[PDB]
Amino acid sequence: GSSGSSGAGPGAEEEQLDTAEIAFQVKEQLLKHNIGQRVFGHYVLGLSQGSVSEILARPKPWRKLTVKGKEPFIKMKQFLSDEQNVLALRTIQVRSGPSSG
């Protein structure tokens, strides 16, 4: 691999997103700071634990998913557009319950 990229132009489209890559990269970033899928799916996604866990297990084709299928993946790929998103999630993994008073 290794090629390059040169083409500036930020934008606010919905586009096609590699769901298996988002799924992968999320698991990586959670592991990067040892975070759990529930807190990620509860905050970032707004789904149940069991819901995002399926999406992380079985990241069906972007073309297969509905808007209500793409909803999490949009939020996830946006999360992965900036590392501060995971850094802020580390706090929540403390504040998931009584990590002391």
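For the sequence shown, the residue numbers in this note's numbering are 523 to 623. Even for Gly, the Cβ is constructed at its ideal location relative to N, Cα and C.
Starting from the Cα of residue i, find the closest Cα among the options and give me that residue.
{"i": "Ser603", "options": "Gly529, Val548, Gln559", "result": "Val548"}
{"i": "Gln538", "options": "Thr613, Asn556, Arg580, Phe595", "result": "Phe595"}
{"i": "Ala542", "options": "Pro583, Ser575, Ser570, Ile614", "result": "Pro583"}
{"i": "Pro581", "options": "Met598, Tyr565, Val566, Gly568", "result": "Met598"}
{"i": "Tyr565", "options": "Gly526, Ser622, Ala610", "result": "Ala610"}
{"i": "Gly568", "options": "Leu587, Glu593, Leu552", "result": "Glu593"}
Helix, strand or coil: how does DSSP classify residue i here?
{"i": "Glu543", "result": "helix"}
{"i": "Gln551", "result": "helix"}
Start and end of the alpha helix (DSSP H) containing residue i?
{"i": "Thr613", "result": "606–616"}
{"i": "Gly591", "result": "589–602"}
{"i": "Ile577", "result": "571–579"}
{"i": "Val561", "result": "559–562"}
Just to check my reading of the structure: residue i and residue j have Cβ atoms closer than 8 angstroms, yes? What is that Cβ distance to the nearest angstrom?
{"i": "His555", "j": "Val589", "result": "That pair is no contact at about 30 angstroms."}
{"i": "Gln559", "j": "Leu578", "result": "7 angstroms"}
{"i": "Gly563", "j": "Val574", "result": "3 angstroms"}
{"i": "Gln615", "j": "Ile557", "result": "5 angstroms"}
{"i": "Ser618", "j": "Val561", "result": "5 angstroms"}
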